[PDB]
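J.: Before we start, here is the structure in question, set down as structure tokens.
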Amino acid sequence: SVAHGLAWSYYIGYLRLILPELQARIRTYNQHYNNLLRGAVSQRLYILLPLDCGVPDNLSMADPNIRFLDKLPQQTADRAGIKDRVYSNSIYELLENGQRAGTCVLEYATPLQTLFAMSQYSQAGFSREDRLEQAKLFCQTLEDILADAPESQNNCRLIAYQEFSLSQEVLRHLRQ
Amino acid sequence: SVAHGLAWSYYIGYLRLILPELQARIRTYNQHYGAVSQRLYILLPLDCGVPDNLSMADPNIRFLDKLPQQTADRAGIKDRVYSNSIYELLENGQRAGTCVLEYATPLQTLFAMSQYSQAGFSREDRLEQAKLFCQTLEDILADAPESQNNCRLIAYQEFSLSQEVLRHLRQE
Ligand SMILES: COc1cc2cc(C(=O)CCC(=O)O)sc2cc1OCCCOc1c(OC)cc2sc(C(=O)CCC(=O)O)cc2c1F
């Protein structure tokens, strides 16, 4: 299946490589780069899983209550012949009634945009109406893989949703 | 199919985003500094063996430099960095070529899936999946001119990896 392969690849090709190094990057930010007066950035990568497969590039566009704070210090690694392949991640403030309710590392699972694009291109042999079932299968496969990887599971949170306040969706997970 | 999805995702999620900007990065590198050839040379090992160091696979493939990085806001990641590496290709102690080179990382997903019981993917099906990944990628690129002329697909089964790359480089 398409979504089955995409979830395994998202784990093998990305999550497996960044999640064991994420805690140290967040700790480094909180100790040396975070504004001295501010609350600590929460641990864990918060992964946005829009079931409609809509993956925008700017988060403040999806919700003005999601405001860009800072980039986490970059991770580098030699990867498949790419010397010092760079992994960059962004920190966001979550506003509730004009005030800071949370601070976290946040991004969309980019393979969901592949499902969106495939549903549009005739050559992909992927019907438009197959998108939702494939997005749910991508999320379920990712949950199943993470359940067998505790250093990856405890370093991330899966935020699956169907449309709305995206910041309230993230805050509900953060407050747990 | 697993490989069909991987090839579409490798194109949508990566190649489509770096290949229209690649020529300008190579030109910028060549003008500061014998020229690095155009096009991203994509290694497609059908055995799905994806090592992290290229000089390990072949000592005639020597790291020269990193191309200037590309940055873009991508899915909530501000200034998502795309870094690529330049390699010298040696032949009988002489530099015979210079190119931007890397492995197609989804091939390592096929390798890992054939290793993990929970993936439900057999080692006996891996070669057919690696070939399908390569064929799907070729078909996609045939419909994306700006991506097709900015890359070269190097599919092989094991050996001299530098001679494999040089054979493709000498066709232009
Ligand atoms: C190797 O496989 C994958 C690598 C991978 C890397 C990712 C990221 O860096 C997240 C941010 C982003 O997508 O820009 S998501 C991701 C998903 C992957 O598997 C899904 C199937 C292949 O599709 C993709 C992809 O889909 C969205 C994104 C990328 S980004 C990428 C590279 O940057 C190449 C070098 C590297 O793999 O680290 C390859 C792929 C890719 F093959």
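Note: ideal-geometry Cβ built from the backbone for every residue, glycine included; neighbour counts use all protein chains shown. Bear in mind these aren't lab numbers, they're just calculated from the coordinates by the rules spelled out.
J.: Would you work out which of B:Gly76, B:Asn150, B:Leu107 lies farthest towards the positive end of the dipole of chain B, given +1 charges on the beta-carbon of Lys and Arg and -1 on that of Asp and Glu, about the Cα centre?
T.: It is B:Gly76.
J.: Using the number of other C-beta atoms within 10 angstrom as an exposure proxy, rank B:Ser117, A:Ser165, B:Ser9 with the fewest first.
T.: Arranged by neighbour count, lowest to highest, B:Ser117, A:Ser165, B:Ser9 become B:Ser117, A:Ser165, B:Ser9.
J.: Would you mind computing, in nm to one decimal, how far apart the modelled labels at A:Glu163 and B:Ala96 are, each placed 7 Å from Cα along Cα→Cβ?
T.: Simple spin-label model gives 5.4 nm for this pair.
J.: Checking a compactness column here: for the protein assembly as shown, what do you get for Rg(Cα) / (2.2 N^0.38 Å), N being the number of residues?
T.: Expressed relative to 2.2 N^0.38 Å, the Cα Rg reads 1.02.
J.: Evaluate peptide B:118-124: per residue, the Cβ atoms of other protein chains within 10 Å of its Cβ; return the mean as an integer.
T.: Other-chain Cβ atoms within 10 Å of each residue's Cβ, averaged: 3.
J.: Antiparallel as a % of all DSSP beta bridges within chain B, to the nearest 5?
T.: Beta bridges within chain B, antiparallel portion: roughly 60 percent.
J.: For a Förster distance of 30 Å, can you work out the FRET efficiency between the beta-carbons of B:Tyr116 and B:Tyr14, rounded to the nearest 0.05?
T.: After rounding, the FRET efficiency stands at 0.80.
J.: So what are the radius of gyration and Dmax for the Cα set of region A:84-176, in Å?
T.: Using the Cα atoms of region A:84-176, the pair Rg, Dmax is 16.0, 47 Å.
J.: When DSSP assigns beta bridges and you keep just the ones with both residues in the protein assembly as shown, what percent turn out antiparallel, to the nearest 5?
T.: 60 percent
J.: What is the dipole size for the protein assembly as shown, taken about its Cα centre, with +1 at each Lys and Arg Cβ and -1 at each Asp and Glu Cβ, in debye to the nearest 20? Mind dumping the intermediate values first?
T.: On the way: 33 positive and 39 negative charges, 190 e Å.
Magnitude of the dipole: close to 920 debye.
J.: Where does the charge balance sit around B:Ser147 when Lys and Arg score +1, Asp and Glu -1, over other residues with C-beta under 13 Å from its C-beta? The partial results should precede the final answer.
T.: On the way: positive: B:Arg16, B:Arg39, B:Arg152; negative: B:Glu21, B:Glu138, B:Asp139, B:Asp143, B:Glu146.
Net charge in that neighbourhood comes out at -2.
J.: So what's the gap between the Cα centers of region A:1-76 and region B:85-140, to the nearest angstrom?
T.: Cα centroid of region A:1-76 versus Cα centroid of region B:85-140: 27 Å apart.
J.: Something else: Take A:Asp84, B:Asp58 and order them by how many other Cβ atoms sit within 10 Å, fewest up front.
T.: Ordered by Cβ neighbours within 10 Å, fewest first: A:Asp84, B:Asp58.
J.: Taking one equal scatterer on every alpha-carbon of region A:1-151, how large is log10 of I(q)/I(0) by Debye at q = 0.09, 0.13, 0.15 1/Å?
T.: Each listed q corresponds, in turn, to -0.34, -0.70, -0.91.
J.: By a straight-distance test (C-alpha under 23 Å), which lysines pair with A:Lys83 as possible cross-link partners, with residues fewer than eight away in the same chain excluded?
T.: Cα-Cα hits under 23 Å: A:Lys71, B:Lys66, B:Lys78.
J.: Divide by every residue of chain B the summed helix terms, -39500 (n - 2.57) for each DSSP H run of at least 4, and state the resulting mean residue ellipticity at 222 nm, rounded to the nearest 500 deg cm²/dmol.
T.: Helices in chain B give a 222 nm mean residue ellipticity of -11500 deg cm²/dmol.
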